[PDB]
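Quick note: the coordinates plus some simple rules give every number you see, no bench work behind them. In this analysis, Cβ positions are derived from the backbone assuming ideal geometry, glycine residues included, and neighbour counts consider all displayed protein chains.
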Amino acid sequence: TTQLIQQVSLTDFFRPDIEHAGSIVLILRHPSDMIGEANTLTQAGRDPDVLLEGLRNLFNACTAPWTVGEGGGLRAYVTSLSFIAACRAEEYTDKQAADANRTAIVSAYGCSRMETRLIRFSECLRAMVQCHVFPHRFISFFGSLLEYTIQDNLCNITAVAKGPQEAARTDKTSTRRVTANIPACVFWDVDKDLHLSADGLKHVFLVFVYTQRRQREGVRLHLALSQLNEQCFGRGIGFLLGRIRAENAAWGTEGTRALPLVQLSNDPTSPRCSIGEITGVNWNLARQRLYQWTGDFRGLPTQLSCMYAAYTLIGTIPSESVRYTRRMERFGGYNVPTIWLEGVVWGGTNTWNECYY
Amino acid sequence: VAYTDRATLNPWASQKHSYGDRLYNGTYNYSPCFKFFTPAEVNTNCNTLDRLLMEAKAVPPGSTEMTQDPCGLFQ
Amino acid sequence: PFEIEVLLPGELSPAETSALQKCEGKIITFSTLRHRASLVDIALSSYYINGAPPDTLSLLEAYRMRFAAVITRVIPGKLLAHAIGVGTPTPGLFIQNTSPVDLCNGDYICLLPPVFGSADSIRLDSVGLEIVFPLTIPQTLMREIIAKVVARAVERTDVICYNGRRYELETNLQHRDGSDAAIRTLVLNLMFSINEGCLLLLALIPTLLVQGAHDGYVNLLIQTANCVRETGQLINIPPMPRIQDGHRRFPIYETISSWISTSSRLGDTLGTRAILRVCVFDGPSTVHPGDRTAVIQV
Amino acid sequence: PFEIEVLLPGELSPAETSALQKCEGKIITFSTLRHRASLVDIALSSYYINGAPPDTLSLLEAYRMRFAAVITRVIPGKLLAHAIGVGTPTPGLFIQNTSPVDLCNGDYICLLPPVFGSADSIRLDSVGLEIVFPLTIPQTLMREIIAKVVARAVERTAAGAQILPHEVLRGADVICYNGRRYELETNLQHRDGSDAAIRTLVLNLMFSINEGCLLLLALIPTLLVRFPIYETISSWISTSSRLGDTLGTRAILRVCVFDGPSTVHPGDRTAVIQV
Amino acid sequence: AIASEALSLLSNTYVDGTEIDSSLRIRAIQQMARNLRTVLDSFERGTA
């Protein structure tokens, strides 16, 4: 009834040893595509190679740094949700839960070359949202972790693709069943902000809030759980994010007379330009003036410079009146508040809807 | 081919770019006369006609273009 | 296979029960999905926005917000129905054609309120409510209708030919709290389709109509359009500026790329999205009004 | 499970029936679904419209209205296939890569007509028909492909329309994926498909955008510091909605690889899951 | 309701025979009986 996906990768961003069974795991595209997209989509005036500076130092502080460029299949493919949650923990509203998860992921990992890795990833995302290379097209989604095998610094993991959560058999734990586990920092249900009844079926989304200013950019990651419709979620999110939308509309771009067309077309006795001269023999004295309009529009907010969020459907919960449970348990050698979701069917294609308003 | 005494019957609808071919050719972008002035289809029509002829000589094939389509392979 | 149950009120008249049994493959809607439900949500009374029967444009928004379901076999006591929106496996799904227009194989189905003559619907006097069933047309019919109602909307603040037959639309627009929202979402898309790149495409109008002549394709396209065929002989369009960073940037890329996302979004936000695909096995190519066709979940 | 059989023709020459076996994990498309079918529906002959060969618009449109199916195996006198339609639980579904760009795990599959280069396909001269296979790439690349090829075509008309070309540029357009540069269309000459199939494509796309950011400039004159005026609005909305519906993005499959190599190169086959 | 692990323990069809399951199956069927004995009486109680 369910399907599985296997993949081997480097363990510098993901550790299937400490991560609990049932957590979310994401994958990354090849970093070589970032520069090919940045040098062509960077806003006019901005420096396009600050991303390259921010990116090179990331792998300089990562094992096997001489293995970038060929993509033979031995790169850091997958990553964990808690990793990004800890990298951007200074931006979530739940101060204590954020910093607790941060120190926990620092201690449980190598804890020697981990803090440097985190700050490199932090400004890496900061430079990612500096040239309109938004990190919602480079971060895909995998199902919850089910089984793993590791020998040293290289792991083979398998996760569910789509279907019921407790329809698999992990077959090495105490029980043969697992449930979805998430850090309490990313969880954010919108219906209890929008003040509507929470009964019935609810969808799951991931959002990527963007802040665009001068030398100050921010990117969070929220796992929203709402009963709102497939497309109506966009109109719902704008009501809560109305501030950042207006901030971006004014601080997004930092790098002329009208014409009365309908007026002079409603009235006659205007200079006409019949097709007889556009045939193409002397098409300069025919169009000598005909108007001037002195018109040009270069610097204006595009629909891409005012974007502030991008969501995507992941799964639903058919059981009405969900009863998600939040509690603190040990994660390595530290306790972190995790929320436990039961009976969630994965599915849905990876299509991102961008909320630019 | 049939009348070995003249090329065509009207020089306005049989040339490479005659008036009729320019009006309708199917290759220049319902009409019943489309199945005549269109090389892309008359080629395969006459080709399957030839295949029928060769099968008749060797004496299916197709069992069609005789029924449901007379004068289709005959032009 | 997820099915929802619809509670039939007791003491129902046999005439109403017979009329209800005739509604076998019609589409209904739900505000909140659940296994057990009542009949007050299917009634038109649940559509009320402020205190009254809803408007058309209000129904356009109620169709997006609410979940959808399809009716299946009805027993004298219960009314079973299956859901379509959420991802669920459902074998052998047939729907009943409710529009006056014919459908054929390979047609996407949309959802819109009845804009033709007074919609037929089951009436329940003893219960005191009246349920109305939505109308289903193909996609192309949906876009042409939507464009006309909004055009009439901005006019306040209609014939349609198809298969050689003309139809008249009666647009109900007595409300106002919904008509202004359609104008807001319309200009918002027009405003975001303006980049630094228009000036290039705007500077091609002279050569455009030259290609309109002596080529034989752009003629009616110039005819059906009005703004471009009037601007081409009335404005000068100052020649050209330069690019800020032109050594590594391509400026006509964003305007041709960003526009794609708007056009795809425009057809959905203005009205309803595609919900189903009709594909019948061992059946006729074209279905007539009142008949049932086996359809696929989109 | 539903499966379609494509009746192989008789008297097939050995070189022709052999090359049909070379394309095993290739997808075909069926107008109507049936257990038995001929070959004309698979050939391009059934695909052209108004007599003339189909264009990209007709290609993109027909890909939506027409249904898809995948070939599984070939028999010297029999050819079967499996459908991606209603609910068929096709087991062990594998497909072959027809695009020059590699694929990886967790990538979604969507279809496109061949735009980059000449369409490689089988041609049966003995019977007189040929079978063209659609190109498949991930979703995250599709929107960028269409935007670039139209931008390449409009920049060509601009150079030809303008008395003086504005040649000064950045070099050559290159798409990158998995650290591999494709580098499409080196030369300026060899206008193979410049205006051959995408001719009418750039026409509809440039006019809607022209009508788009002109209608706003002609309705509110305050943005920058006899006449219907409504029929133009209804026409623009109807067109922009239809054009957006045609140029849509809908995933059809998902590459799910188990105990196999993650990255696949053009020509390799891989197992996929029905989305 | 029935637990998925119990369903998997019951649908084995004699592919076992160790000692860490002779008690698991017994407790599963005991839970089954204890649940059914109340689901049955639910109707007798709901009549009134």
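Using only C-alpha atoms and all pairs of different ones, pull out the Kirkwood radius for the protein assembly as shown in Å with one decimal.
About 32.8 Å, per the Kirkwood formula over Cα pairs.
What number, in nm² with one decimal, is the all-direction average of the projected area of the convex hull of the alpha-carbon atoms of chain A?
25.6 nm²
Sequence-distant or interchain residues sharing an amide H contact under 5 Å with A:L313, placed H: which?
A:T351
Only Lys, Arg, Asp and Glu count, each charged at its Cβ (+1, +1, -1, -1), so figure out the dipole size of the stretch A:96-148 about its Cα centre, rounded to 20 debye.
Charge dipole of the stretch A:96-148: 180 debye, to the nearest 20.
Based on the alpha carbon coordinates of the stretch C:10-49, what radius of gyration and maximum Cα-Cα distance (Dmax) apply, in Å?
12.0, 32
Rounded to the nearest 500, what is the 222 nm mean residue ellipticity of chain A from helices alone, with -39500 (n - 2.57) per DSSP H run of 4+ residues and division by all residues?
The per-residue figure over chain A is -7000 deg cm²/dmol.
What Kirkwood hydrodynamic radius do you get for the stretch A:251-290 when you take the inverse of the mean 1/r over all pairs of distinct Cα atoms, in Å?
Hydrodynamic radius (Kirkwood, Cα only) of the stretch A:251-290 equals 13.2 Å.
Quick check: pseudo-label points 7 Å beyond the Cα along Cα→Cβ at D:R269 and D:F227, how many nm apart are they?
The two pseudo-label positions are separated by 6.3 nm.
Among the trypsin sites (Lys or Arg not before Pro) in the stretch A:144-194, which ones are in a DSSP loop with at most 16 other Cβ atoms within 10 Å of the Cβ? Mind listing them?
Sparse-neighbourhood loop trypsin sites (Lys or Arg not before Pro): A:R169, A:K172, A:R176.
In nanometres, what is the gap between the two model label sites at A:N60 and A:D193, each 7 Å from Cα along Cα-to-Cβ?
Here the modelled spin labels are 3.8 nm apart.
As a test, work out the antiparallel percent of DSSP beta bridges whose residues both lie in the protein assembly as shown, rounded to the nearest 5.
Taking every DSSP beta bridge within the protein assembly as shown, about 95 percent pair in antiparallel fashion.
Considering the convex hull of the alpha carbon atoms of the stretch A:79-137, report its projected area averaged over all viewing directions, in nm², one decimal.
Reported value for the Cα convex hull: 4.4 nm².
Report the equivalent ellipsoid semi-axes for the stretch C:1-84 in whole Å, largest first, defined as the square roots of five times the eigenvalues of the gyration tensor built from alpha carbon atoms.
23, 16, 11
Checking the cross-link filter: which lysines have an alpha carbon closer than 22 Å to that of A:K172, excluding same-chain neighbours under 8 positions apart?
A:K172 reaches A:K162.
Within 10 Å of each candidate Cβ there may be at most 10 other Cβ atoms; applying that plus a DSSP loop requirement, which chymotrypsin sites (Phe, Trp or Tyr not before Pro) in the stretch A:54-121 survive?
Passing sites in the stretch A:54-121 are A:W66.
What percentages, rounded to whole numbers, describe P(r) for the stretch A:47-106 computed over all alpha carbon pairs with 10 Å bin width beginning at zero?
18, 34, 34, 13, 0
Tell me which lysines have Cα within less than 20 Å of C:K22's Cα, excluding those fewer than 8 residues away on the same chain?
Qualifying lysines at Cα under 20 Å: C:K78.
Two decimals is fine: what's Rg over Rh for chain D, C-alpha atoms, Kirkwood radius as Rh?
That ratio equals 1.02.
Contact order normalised by length for the stretch D:51-200, with contacts defined as Cα pairs under 8 Å and 6 or more residues apart; what percent is it?
Contact order relative to length: 22 percent.
Can you list residues whose amide H is under 5 Å from D:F30's amide H, if they're 5+ apart or on another chain and H is modeled 1.01 Å from N?
Residues meeting the criterion, in which the H sits 1.01 Å from N, are D:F67, D:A68, D:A69.
Using 1/(1 + (r/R0)^6) with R0 = 41 angstrom and r between the beta carbons of E:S8 and A:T93, what's the FRET efficiency to the nearest 0.05?
For E:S8 and A:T93, the calculated efficiency is 0.50.
Can you pull the three principal axis extents for the Cα set of the stretch A:207-357, in Å, largest first?
Between the extreme Cα coordinates on each principal axis of the stretch A:207-357 lie 82, 39, 28 Å.
Between C:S45 and A:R213, what FRET efficiency follows from the Cβ-Cβ distance if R0 is 60 Å, with the result rounded to 0.05?
Computed FRET efficiency for C:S45 and A:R213: 0.75.
Using 18 Å as the cut-off for backbone N distance, which residues of the stretch D:67-81 belong to the label zone defined by a point 7 Å from the Cα of D:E24 along Cα→Cβ?
It comes to D:70-81, nothing else.
Using only Cα atoms, figure out Rg for the stretch C:245-298 and give it as a multiple of 2.2 N^0.38 Å.
Expressed relative to 2.2 N^0.38 Å, the Cα Rg reads 2.05.
Between the stretch D:1-56 and the stretch D:133-211, what is the C-alpha centre distance in whole Å?
So the separation of the two Cα centres works out to 30 Å.
Once the Cβ-Cβ distance between E:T47 and A:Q6 is put in as r, and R0 is 35 Å, what FRET efficiency do you end up with, to the nearest 0.05?
Rounded to the nearest 0.05, the efficiency is 0.05.
Write out the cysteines belonging to chain D for which the nearest other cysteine Cβ is not under 4.7 Å, or none if no such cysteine exists.
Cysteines lacking a close Cβ partner in chain D: D:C23, D:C104, D:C110, D:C176, D:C256.
Quantify how much of the Cα-Cα distance distribution of chain E extends past 18 Å, in percent.
Value for chain E (Cα pairs over 18 Å): 41 percent.
Report, in whole Å, the centroid distance computed from the Cα atoms of the stretch A:1-22 and the stretch A:80-140.
19 Å
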